[PDB]
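Undergrad: Protein chains in written order, with the deposited numbering: chain H, 1 to 75; chain A, 203 to 252; chain X, 1 to 52, 52A, 53 to 82, 82A to 82C, 83 to 100, 100A to 100K, 101 to 112; chain B, 1 to 52, 52A, 53 to 82, 82A to 82C, 83 to 100, 100A to 100K, 101 to 112; chain E, 2 to 26, 26A to 26C, 27 to 94, 94A, 95 to 106; chain U, 2 to 26, 26A to 26C, 27 to 94, 94A, 95 to 106; chain Y, 52 to 101; chain C, 52 to 101.
Even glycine gets a Cβ: it sits at the ideal position worked out from N, Cα and C.
Starting off with a structure, shown below.
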Amino acid sequence: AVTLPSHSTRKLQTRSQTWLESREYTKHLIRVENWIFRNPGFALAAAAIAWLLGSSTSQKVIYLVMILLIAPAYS
Amino acid sequence: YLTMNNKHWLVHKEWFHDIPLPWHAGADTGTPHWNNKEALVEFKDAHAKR
Amino acid sequence: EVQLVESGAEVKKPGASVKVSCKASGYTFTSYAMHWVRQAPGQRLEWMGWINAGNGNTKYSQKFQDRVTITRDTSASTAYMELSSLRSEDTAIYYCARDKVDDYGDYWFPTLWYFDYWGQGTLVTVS
Amino acid sequence: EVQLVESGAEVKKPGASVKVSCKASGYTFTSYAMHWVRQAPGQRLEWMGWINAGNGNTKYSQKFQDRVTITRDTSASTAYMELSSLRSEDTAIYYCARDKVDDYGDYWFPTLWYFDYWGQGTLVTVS
Amino acid sequence: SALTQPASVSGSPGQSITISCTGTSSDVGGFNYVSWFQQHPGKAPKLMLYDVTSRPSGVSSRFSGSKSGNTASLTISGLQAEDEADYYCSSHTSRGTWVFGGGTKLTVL
Amino acid sequence: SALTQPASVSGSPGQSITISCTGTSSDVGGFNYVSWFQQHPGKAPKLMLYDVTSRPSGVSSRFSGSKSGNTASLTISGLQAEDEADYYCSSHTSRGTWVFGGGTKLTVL
Amino acid sequence: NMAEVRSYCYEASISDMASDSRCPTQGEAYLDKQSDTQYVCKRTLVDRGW
Amino acid sequence: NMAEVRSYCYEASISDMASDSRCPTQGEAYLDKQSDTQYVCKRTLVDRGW
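Encoded structure:
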């Protein structure tokens, strides 16, 4: 149930396309975008807990995009 | 060199040891003793019983 | 009242296959369940049963583990035990009895009573 | 040179027990060794051996995991294989050969060569 | 694995008899699952106990069950003449299967 | 077990023979352990191999061993004719026991 | 030339299911079909009073 | 009445110990006796080449 192995752990780089390299770039993007399409309220609150810690208008932005990226996959 | 059904492709010594499935331990034939085996099952108890 | 009736079979030579019917009468099918207890005269009762008539589940004794298979038919309210590859020894009489399922419909732990009634028997003899 | 010889032609009744001697001559029974390789004419060589003459250890082919027992004695520099409860099948020729033990006296992994010499042979026949 | 039940017994009317069914910890000891089946020979068995001490409604009240350790005791008093039914002890094992004892042919006098 | 070795063969003198012994990964494949044992019928077997390619010193340099995957090939050339000694292949298995092939009857015509 | 390491399995199938339930007193259960290579098991304290 | 809970062994007979080794790369080792579950085996990677 725990296997997501082979894209992140380590890749083969060669003048070949790799397995589903056609599919990937977009099977890392759509799920997160999808999951934010559902329940945006989490984008609401996440925006909050970012916006109140650090207050550089930059460091929090990093906290916005980061907290939004860690829990579409929530891990 | 990794073989699913009638296909083949290469993967790393890191990815191939880390897949969580039953092990054959490189065994030959017979009735292979399967390591793990737990990760592939599903023990769930309905409400409190059975 | 509660009525169990069965089909009086014959020998069907060594190696044949008996099919005995248990058609339940006088109570509510859907709570009947079912058992099969073999006996011929002069030795101990063996229980080679199965236990679930709602879902059609089955549990067999380790002796008979694969010999008998069992069909339930609710339209006829009938359970059919069928003992394949019978032998000289299994000359016996097969009673079908009930131990009512828990209401969930799943049968795991019986009623504290088991058999409040019995089929009337079917003596089966092997040549 | 290296000399091994053993008991000569011999016969036993079915169910008897053969005792074959291997008298090692012409080398140092030190980083010893010996084996037992059965052969009769017309089939595959089976190896039912044992491997350790320093410590008296032994390893047997499951084939005959418990049938043969082996005594090893330096005073006579001799290894005695004894096959108990022989059968009509076993009529064969029992060669004793060596594969030198490693320095430590413990024999686990052989020399890359195994058998550089062989016993004289002992034909054993079962009635 | 059949429960141990002794072959047979007799005695004066009214007199209490004891039928001893000895199992293992797998079944009779670690469960209150017991029943004694009165089986009139040639007729269909019936169940004269259930839940040990308890009895079905149509039971003659002078039947009494008991258990301690691995035992099943069917103790009957003032045996009325027609009380010879081959008594079989049966219980639910832990593995989920039922086992019937060797049975006690009952001998009235 | 029982190393696969083919029953028997022959040819003109000087001509190459190759007797190939096929094992499993348990023994011949995952080890350098091999032996080909010239056994003169009536006499005691002898060594004609040692760790594949090499030879005991008293060996006719005629003989040549080789291995691929699961194989043991004893390839002889420049035959002196009088060199048919049932050839048996034998190896050390992984479990710590030795197995001797079915043997090759060598046919000198 | 290649040599085998592991196998795994990507498709399970499971055979008969036994039970062996001991009561609250005596605790652990056994189920002789355990103690094999080929049977998987897990203990799950369960509802069952009276 | 009592009841038994577990048990503990004081004294261990050890027989057999038949061993299996493999090449540096034809995986790790295995032998039929592990499926017996009445044995005990510890695969430790220690040995040498040639």
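Which whole-angstrom value describes the C-beta separation of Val18 of chain X and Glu81 of chain X, a residue pair presumed to lie in contact below a C-beta threshold of 8 Å?
TA: With a Cβ gap of about 7 Å, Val18 of chain X and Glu81 of chain X count as contacting.
Undergrad: Return no unless some Cβ of chain E is closer than 9 Å to the Cβ of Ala54 of chain C.
TA: Yes, because at least one Cβ of chain E sits closer than 9 Å to the Cβ of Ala54 of chain C.
Undergrad: Return helix, strand or coil for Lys84 of chain C, following the three-state DSSP convention.
TA: Reduced to three states, the DSSP call for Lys84 of chain C is helix.
Undergrad: Buried or exposed: which applies to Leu45 of chain E, given that a residue is buried once 16 or more other Cβ atoms fall within 10 Å of its Cβ?
TA: So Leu45 of chain E counts as buried.
Undergrad: Assuming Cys87 of chain E and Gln6 of chain E are in contact, meaning their beta carbons sit under 8 Å apart, how far apart are those beta carbons, in whole angstroms?
TA: Going by Cβ atoms, the distance from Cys87 of chain E to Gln6 of chain E rounds to 5 Å, so yes, they are a contact pair.
Undergrad: Is it right to say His249 of chain A is buried, meaning 16 or more other beta carbons lie within 10 angstroms of its own, or is it exposed?
TA: Result: exposed.
Undergrad: Using a Cβ cut-off of 9 Å (strictly closer), state whether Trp95 of chain E contacts chain X.
TA: By this cut-off, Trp95 of chain E is an interface position.
Undergrad: For the segment 73–90 of chain U, enumerate the residues whose C-beta is nearer than 8 Å to any C-beta of chain B, in chain order.
TA: If the cut-off is 8 Å between Cβ atoms, the segment 73–90 of chain U has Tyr86, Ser88 and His90 near chain B.
Undergrad: Is the CB of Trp51 of chain H under 9 Å away from at least one CB in chain A?
TA: Cβ-Cβ to chain A under 9 Å: no for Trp51 of chain H.
Undergrad: Taking C-beta pairs closer than 7 Å, name the residues in chain C that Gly67 of chain E reaches, listed in chain order.
TA: Ordered by position in chain C, the residues that pass the 7 Å Cβ test against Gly67 of chain E are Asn52.
Undergrad: Is it true that the segment 59–71 of chain C meets the segment 71–89 of chain U, where meeting means three or more beta-carbon pairs spaced less than 8 Å apart?
TA: Flag = no, the segment 59–71 of chain C and the segment 71–89 of chain U do not touch.
Undergrad: Which residues in the same chain as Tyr90 of chain C place their Cβ atom closer than 8 Å to its Cβ, once the five residues preceding and following it in sequence are excluded?
TA: Same-chain partners within the cutoff: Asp67 and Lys84.
Undergrad: If we call anything under 9 Å between Cβ atoms a contact, is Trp50 of chain B one with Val67 of chain B?
TA: Result yes, Cβ atoms of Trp50 of chain B and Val67 of chain B sit closer than 9 Å.
Undergrad: Taking C-beta pairs closer than 8 Å, name the residues in chain C that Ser26 of chain E reaches, listed in chain order.
TA: By Cβ distance, chain C contributes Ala54 and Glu55.
Undergrad: In chain C, which residues lie less than 7 Å from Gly78 of chain Y when you measure between Cβ atoms?
TA: In chain order: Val56.
Undergrad: Would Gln39 of chain X be called buried (16 or more neighbouring beta carbons within 10 Å of its own) or exposed?
TA: The residue is buried, with at least 16 neighbouring Cβ atoms inside 10 Å.
Undergrad: Am I right that residue 15 of chain Y and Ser86 of chain Y are in contact with their C-beta atoms under 8 Å? What's the rounded C-beta distance?
TA: Outside the displayed span of chain Y (52 to 101) sits residue 15 of chain Y, for which this structure offers no information.
Undergrad: Does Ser52 of chain E get closer than 9 Å to chain Y when you measure Cβ to Cβ?
TA: No - not a single Cβ of chain Y is within 9 Å of the one on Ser52 of chain E.
Undergrad: So, at 8 Å on beta carbons, what are the nonlocal neighbours of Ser82B of chain B in its own chain, with the 5 sequence-adjacent residues on each side left out?
TA: Cβ neighbours of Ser82B of chain B beyond the five flanking positions: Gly15, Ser17 and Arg66.
Undergrad: Which one or two residues does DSSP pair with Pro224 of chain A in a beta bridge?
TA: The partner list for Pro224 of chain A (beta bridge, DSSP) is empty, contrary to what the question assumes.
Undergrad: So is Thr95 of chain C in contact with chain Y if we call contact Cβ pairs under 9 Å?
TA: Answer no: the Cβ-Cβ gap between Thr95 of chain C and chain Y never drops below 9 Å.
Undergrad: Residues of chain X with CB closer than 8 Å to the CB of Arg99 of chain Y, please, in chain order.
TA: By Cβ distance, chain X contributes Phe100E.
Undergrad: Please list, in chain order, all residues of the same chain as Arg71 of chain B whose beta carbon is under 6 Å from its beta carbon, the five residues on each side excluded.
TA: Closer than 6 Å at Cβ, skipping near neighbours: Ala52A, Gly55 and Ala78.
Undergrad: Identify whether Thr19 of chain E lies in helix, strand or coil by the three-state DSSP scheme.
TA: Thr19 of chain E falls in the strand class under three-state DSSP.
Undergrad: List, in order along the chain, the chain U residues whose C-beta lies closer than 9 Å to that of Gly49 of chain B?
TA: Going along chain U in sequence order, the residues near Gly49 of chain B (Cβ under 9 Å) are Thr94A and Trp95.
Undergrad: Is DSSP giving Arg23 of chain H helix, strand or coil here?
TA: Coil at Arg23 of chain H, not helix or strand.
Undergrad: How about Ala93 of chain B and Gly104 of chain B: are their beta carbons less than 9 Å apart?
TA: In this structure, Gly104 of chain B lies closer than 9 Å to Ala93 of chain B by Cβ.
Undergrad: Answer yes or no: does any C-beta atom of chain F fall closer than 9 Å to that of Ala248 of chain A?
TA: Here the protein chains are H, A, X, B, E, U, Y and C, and chain F is not one of them.
Undergrad: Look at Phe29 of chain U and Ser71 of chain U and say whether their C-beta atoms are less than 9 Å apart.
TA: Contact: no.
Undergrad: Identify, in the order they occur along the chain, each residue of the same chain with its Cβ nearer than 7 Å to the Cβ of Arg31 of chain H, setting aside the five sequence neighbours on each side.
TA: Hits under 7 Å: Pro72.
Undergrad: By the 10 Å Cβ neighbour count, where 16 or more other Cβ atoms means buried, how is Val50 of chain E classified, buried or exposed?
TA: Burial call: buried.
Undergrad: For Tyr91 of chain X, which residues of its own chain have a beta-carbon under 6 Å away from its beta-carbon, when the five flanking residues on both sides are left out?
TA: Excluding residues within five positions, the ones whose Cβ falls inside 6 Å are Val37, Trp103, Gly104 and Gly106.
Undergrad: Can a CB atom of chain B be found closer than 9 Å to the CB of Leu47 of chain U?
TA: Yes, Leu47 of chain U lies at the interface with chain B (some Cβ there is under 9 Å from its Cβ).
Undergrad: Give the interface partners of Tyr81 of chain C over in chain A, defined as CB-CB distance under 7 Å, in chain order.
TA: Chain A residues near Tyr81 of chain C: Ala227, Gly228 and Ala229.
Undergrad: Interface residues of chain C around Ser92 of chain U at Cβ under 7 Å?
TA: In chain order: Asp71, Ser72 and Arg73.
Undergrad: So what does DSSP say about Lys44 of chain E, is it helix, strand or coil?
TA: Looking at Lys44 of chain E - three-state DSSP - the assignment turns out to be strand.
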